[PDB]
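J.: Below you will find the structure I want to go over with you.
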Amino acid sequence: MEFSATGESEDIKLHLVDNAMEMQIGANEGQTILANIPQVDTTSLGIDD
Amino acid sequence: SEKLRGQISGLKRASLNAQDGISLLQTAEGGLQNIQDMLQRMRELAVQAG
């Protein structure tokens, strides 16, 4: 068997939008707390295979 | 006598006129107080969301 490089470039385009949790903790502007929860599954833990 | 009677009558008329005027400002103040009370509930419910 023999393998070789294709020789021509390939393009893949990625779309991505931010969406944390914002909590109002004060009685005026700006006073807030930001919360994040990462994704957890077999793929993230790297034991899927 | 004529001058003094004229002045007395004028003073009485002005005395009535002043109270006639003051009633209007009383009513306006009442209405404005109602509006002010409403705006605070609006503010509280606005800060409810967030």
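Ordering of the structure tokens sets the chain letters (A, B, ...), residue numbers begin anew at 1 in every chain, and ligands are numbered from 1 in the order given.
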If we count only C-alpha atoms, which residues of chain A reach to within 12 Å of chain B? Please list them as a VMD selection string.
T.: chain A and resid 21 to 33
J.: Could you pull out the strand (DSSP E or B) residues of chain A from DSSP and send them as a list in words?
T.: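 Assigned to strand (DSSP E or B), within chain A: residues 21, 22, 23, 24, 32, 33, 34 and 35 of chain A.
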J.: Determine which residues of chain A DSSP labels as alpha helix (DSSP H) from the backbone of this structure, then write them out as a compact mmCIF listing (two decimals) with N, CA, C and O atoms, in the first residue's frame.
T.:
```
# COMPACT_ATOMS: atom_id res chain seq x y z
N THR A 42 -19.14 11.61 27.86
CA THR A 42 -18.06 10.67 27.58
C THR A 42 -17.01 11.27 26.65
O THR A 42 -15.81 11.03 26.81
N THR A 43 -17.45 12.06 25.66
CA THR A 43 -16.50 12.67 24.74
C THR A 43 -15.58 13.64 25.46
O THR A 43 -14.37 13.67 25.19
N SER A 44 -16.12 14.45 26.37
CA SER A 44 -15.30 15.39 27.11
C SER A 44 -14.30 14.67 28.01
O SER A 44 -13.14 15.06 28.11
N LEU A 45 -14.74 13.60 28.68
CA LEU A 45 -13.86 12.84 29.56
C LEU A 45 -12.82 12.04 28.79
O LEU A 45 -11.86 11.55 29.40
```
